[PDB]
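Quick heads-up: the structure tokens below are two forms of one chain, split into structure 1 and structure 2.
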Structure 1
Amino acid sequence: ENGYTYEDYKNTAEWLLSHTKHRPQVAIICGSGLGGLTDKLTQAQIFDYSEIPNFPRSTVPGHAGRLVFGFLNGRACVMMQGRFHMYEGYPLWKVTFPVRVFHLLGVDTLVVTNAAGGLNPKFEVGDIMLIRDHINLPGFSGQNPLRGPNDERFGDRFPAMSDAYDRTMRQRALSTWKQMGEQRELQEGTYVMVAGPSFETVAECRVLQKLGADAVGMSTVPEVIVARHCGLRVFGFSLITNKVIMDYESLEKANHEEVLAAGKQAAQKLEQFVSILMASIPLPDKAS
């Protein structure tokens, strides 16, 4: 909760509204290599985190990090290309700042994407995992974006997370994947957040396996938590960018961004899939 004040969020939201003709319904957070979704926008309007009032700037990426407003397959959007991570030194109340303002912008849904490691054996690099649940490791210890005094204007003190990833949207995505006639099916599993920049050891990969994680990553969870606090509908996917060596074996899949079509294609498929899913996100106009 800390760091910002309610008026901070209000001021940042008003600046945006007074600077963009766009009134977003959907907010989309792009993971690594997934930033290309911005190219699918019509009537796009770009914003530098930098020029937006209380918006945290990027530590190094910067240009990789910007806010784009536009239209994606029927929905008014605002995509965040280049998300914040706590390993970059960002306290969780900064990492989630966007979501809080997106809420005060009118966004009622948040689709989140992230690149992850494959813990579940059946996954194979290139795969896309529809996120059904999560294990918040940083949270178990105090690293929860909601730590601090709660603001009832945003939500409750003890919000439930057992129902964060929308079942309706999850069944809708499951159907849509079938509808597309996709060869390999849409995977679905538990995501485990782990901070720190460095990569896991076989010993650690095995405890995550034990804990029941299907994919491991260093983001998403905080943003999802505050989104739910605001009452926003939340759903997302994880792009498996490498299988995880859980057995004392020779290293492999070191790089993930420079992997040719292995990345390119897989990222490409998720980005379009997400666009098609815009037709499945309930219009605020109570469409039936």
Structure 2
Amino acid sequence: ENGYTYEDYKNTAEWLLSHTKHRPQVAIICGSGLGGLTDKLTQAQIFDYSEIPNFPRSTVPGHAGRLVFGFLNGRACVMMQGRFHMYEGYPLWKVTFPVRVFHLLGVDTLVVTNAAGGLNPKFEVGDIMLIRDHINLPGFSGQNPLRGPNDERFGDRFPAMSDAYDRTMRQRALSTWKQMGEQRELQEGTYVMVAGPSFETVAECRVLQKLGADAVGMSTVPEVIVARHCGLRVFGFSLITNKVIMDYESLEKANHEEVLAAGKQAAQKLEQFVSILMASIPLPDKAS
């Protein structure tokens, strides 16, 4: 919504449609460190957000501000590298502006990745959590991407979200993750979105864990809400990149010397895995 109108999204789509030979079926948003997925694209066309008519431009990081269209493993992707975050200052409706364009691009599935703080103790840095569900800690407050008036053209005024993280794919994913049989389990849980750019206190993590979130991060929910609101099929992962929770003993803090997750290897794993799943995303035109 706000800020943009339909015609904006349309133009944006059109420009991109009339500027890349590619029809992406799938959109992929990479969280921190899952940038590299873009390498796996074949026949990549890169746009700086930059060049795209309405696309929010990045707030600093920038290069890690790119939209690359590509084929990933039997699918017409379009991936965002460096998704936008509220805490950078966009409101939700620039954050999620792309999801709306990908729709108009034709994309019918979105897969969203983030990095996220492990709050379930079951979890070990490097883990991948497949997102079963989320808690929208900003939307409850007003900070929801679909807030202001609703374009019937993209979706219903009150989309449901109980089915957000599409179930079929949660399966193929869980199957697939055993298909190549790796060994720590493919995790699964609720991602709670928390906005702020700073990291949580211990009390904060308590409340988050006791709300039954398993991962905390700051992205995705808005993209997922706006995805689902125009019916994209969605799923995605968090790369657990750290965890805290207990008062006795800050032999440490909550920060970024813990958001590598072993480094490349965890991240690389998620990337393969995503690249693999390409294969499970139902084709569109017909598929059978």
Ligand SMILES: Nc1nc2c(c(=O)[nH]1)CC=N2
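If you superpose the two forms and keep the largest set of C-alpha atoms that fall within 1.5 Å, you have the rigid core. All residue numbers here refer to structure 1's sequence, counted from 1.
The second of the two structures is the form deposited with the ligand bound. After superposing the rigid core, the Cα of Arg57 is displaced by less than 2 Å between structures 1 and 2.
In a rigid-core overlay of the protein, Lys40 has its C-alpha displaced by under 2 Å between structures 1 and 2. If you fit the rigid core between structures 1 and 2, you'll see the Cα of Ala262 move by less than 2 angstroms. Here the two forms are laid over each other by their core, and the C-alpha of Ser250 is off by 1.3 Å between structures 1 and 2.
Aligning the rigid core between structures 1 and 2 leaves the CA of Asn136 offset by 0.3 Å.
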